[PDB]
Each structure stands twice: as C-alpha cells, then as structure tokens.
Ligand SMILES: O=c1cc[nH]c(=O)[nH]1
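Presented as structure tokens, the chain that follows is alone, the form deposited without this ligand.
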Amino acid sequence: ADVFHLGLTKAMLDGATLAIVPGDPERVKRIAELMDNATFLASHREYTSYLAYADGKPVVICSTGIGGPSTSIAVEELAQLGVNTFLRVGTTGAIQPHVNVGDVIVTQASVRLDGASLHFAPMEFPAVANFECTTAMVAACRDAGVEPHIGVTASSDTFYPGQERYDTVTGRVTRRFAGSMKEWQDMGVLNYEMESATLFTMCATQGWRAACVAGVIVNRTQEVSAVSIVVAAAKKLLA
C-alpha cells in the first residue's frame, strides 16, 4: 500500500485520473463490469476498489462507505494516487411530490447538514459540484431518454433525526431538525442523501472535480439506470 486506508499503490491504477465512487462496497464490482477488463484491486474496511477500462482509459471504482468522514478518507487517498475527478453514483429519498420513484436526480449543490465539509471550508462556502462534470451527467441522462431533476440536495450526517424521521426507538427529533423537512421542501430541495456536501466542499476547495447522480428509491411524500448513467458520464469526460 502507498496509502494507509485503501490498500492501493499508484502503480495499481495504471494512470487512472477519474474515479467512480458509490457508497456501497457491494456495488463496486457490478459497476466495474459495465466497462472493459474489470479487475479487483483491494478490499479493506468499507473501501472496495476495482480497476476497469472505458473506451481505452483506466477508471478506478472505489466505495466510500456511508457519510462524509469515510468519503473524505477515500477521496484524499485516491487523490494522493493521482485521481482528480470524482463521480458519485447513489441512492436517495425524494421530498418533492413531483419526483417519482425510479427517477434520476443530478445534484448541482448541497445543503451542508454535515460536519466534514467544515473541515475544508467555513459554512459560507457553497457545496457546489463541478460544472463540466454536472453537464456530463445531465447529457448522459438525456442520452438515456431521462430528463433529470437538476437541483439542490439536503446532505445529512444522519439517516434518522437529520432527515426528520420519527420512526425510531425514542421517536424524538432534536429542536434544530424539528420542522426541517418542510423547511427544505419549501426552499425547492429535492432529496436527502449523506455524502454530497462533504464530497463537493472538499473537491471544490482542493482543486478536484466532483458530481453526483442518484436514482430515487423512495419518496417521503407518498438501480441500474443510475449506474448506467454514471458510466456514460465518465466516458463523456474521458473522450
């Protein structure tokens, strides 16, 4: 290993400069296999990595785990190995009535309901995706005949209280987050997830490109496509 967590060496990446970063270690192989010559690199903790080839060029695929702290480790260590572009593919719950189950959201920027983003910039800095990569994701969507919801995502350090879920052992939500779902809804926020605010703030401040695409699993008011889009998006950027 040349990096402490991932178990990777710069040579293992074969000059890859772009990473696809799902949350789940168990989804990394299946993403890798949509491209050419997929090969297992390593597995440690929540970090499962593969290499594969998109229209000739190496792409590393590596899981992040759930949440900003585990994401910030993967992104830093990948970047130590020469990665400069991070495409997140994921799952999400929608909070707008017009965002249907099975739909696709491309996150342009995020509400910072996380703590790791503050380890890169004070809260005034916007958690904003790279314009070129977001453009690539949108065009990959439309190629698939899917018009994506493009907008703001609430990115939370918790799955329960910070997404204002009451279906828990205590049934309690702290004052800060009580009433919060309706607040984001009113402001046009599309969905909740748990990594984009760290991912975006850290890449913007450090000089790397990031974007995020997600298939909607649930809608709080009432996913092959997503992986196929992110691979299409990667090939656009590498072309």
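Numbers for residues come from their place in the sequence shown, where the first is 1.
The same protein also exists as the form solved in complex with this ligand; that form is not shown, yet it is the one meant from here on.
Taking the partner from the other structure, this ligand in the bound PDB entry has a heavy atom within 4.5 Å of a heavy atom of residue 159.
Within this chain, residue 165 lines the site of this ligand in the bound PDB entry, having a heavy atom no more than 4.5 Å away. For residue 218, a non-hydrogen atom is located within 4.5 Å of this ligand in the bound PDB entry, even though that partner is not displayed. Although the partner is absent here, residue 61 sits far enough away that none of its heavy atoms falls within 4.5 Å of this ligand in the bound PDB entry. Partner proximity in the bound PDB entry, defined as non-hydrogen atoms within 4.5 angstroms of this ligand, places exactly one of 210 to 218, 196 to 204, 49 to 57, 31 to 39 at the interface: 210 to 218.
Checking 92, 110, 117, 71 against this ligand in the bound PDB entry, a heavy atom within 4.5 Å turns up for just one residue: 92.
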